[PDB]
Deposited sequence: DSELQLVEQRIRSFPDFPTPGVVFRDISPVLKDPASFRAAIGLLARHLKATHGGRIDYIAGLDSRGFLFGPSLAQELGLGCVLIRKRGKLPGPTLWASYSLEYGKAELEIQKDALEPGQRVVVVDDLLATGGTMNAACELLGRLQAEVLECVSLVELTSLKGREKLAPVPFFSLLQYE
């Protein structure tokens, strides 16, 4: 897939960041190359349409690298984007979950029964995405799927999200 290649070739890997032995996958070059960013959004949108058809009501973007992809992905799908933030940031009534960071969402972000796909840049342990799913569940939203550009498969984040489906463009050990 030449589109996927446009994305993969713009992932930059930094050894020993932030700790010795870890390899950080830097997605910033994807954003800097407009053809790469377009390919990433296109591939995610095509997957989501092919999997869910018209069932998705909103994209939920995770603070803050999910914010980079969520709105463009939503726009490509003709959908709005709701925001899940680090705690203390959102005004008005909210719910929060601590996973030690805390996520937050406005109580009126979604109505009961609305269906959402959650997007972040990368899935590692799955802690962040798992917390997002729980928050959304407490609004009585249905999480159809979580998606990311990158998945670190040796950390088994996918298993953590089960039974909510997960999809990534690229996988690294």
Query raised in the report: Going from the first residue of the deposited sequence to the last, where are the unmodelled runs?
Result: 100 to 104
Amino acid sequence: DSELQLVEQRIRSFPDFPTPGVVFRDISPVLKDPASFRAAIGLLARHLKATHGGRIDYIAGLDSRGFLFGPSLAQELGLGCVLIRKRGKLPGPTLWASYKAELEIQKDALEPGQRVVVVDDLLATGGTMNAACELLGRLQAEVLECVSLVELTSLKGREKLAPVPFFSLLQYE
From here on, numbers count along this sequence of modelled residues.
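In this text, rigid core is short for the largest set of C-alphas that superpose within 1.5 Å between two forms.
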**Report entry** Greater Cα displacement in 8 other deposited structures of this protein once the core is superposed, comparing 162 to 170 with 1 to 9
**Finding:** 1 to 9
Requested in this report: Averaging the C-alpha B factors as listed in the entry, name the stretch that ends up higher: 64 to 72 or 128 to 136.
Outcome: 128 to 136
Query raised in the report: Higher mean Cα B-factor in the deposited model: 41 to 49 or 107 to 115?
Result: 107 to 115
Query raised in the report: Among the modelled residues of its chain, does the C-alpha B-factor of residue 78 lie in the lowest, middle or highest third?
Result: middle
Query - Within-chain third of residue 159 by Cα B-factor, per the entry - result: highest
Report summary line: residue 11: CA B-factor among chain residues, third -> middle
Requested in this report: Name the third of the chain's ranked CA B-factors that contains residue 171, choosing lowest, middle or highest.
Outcome: middle
Report task. Divide the modelled residues of the chain into thirds by Cα B-factor and specify which third, lowest, middle or highest, holds residue 22. Result -> highest
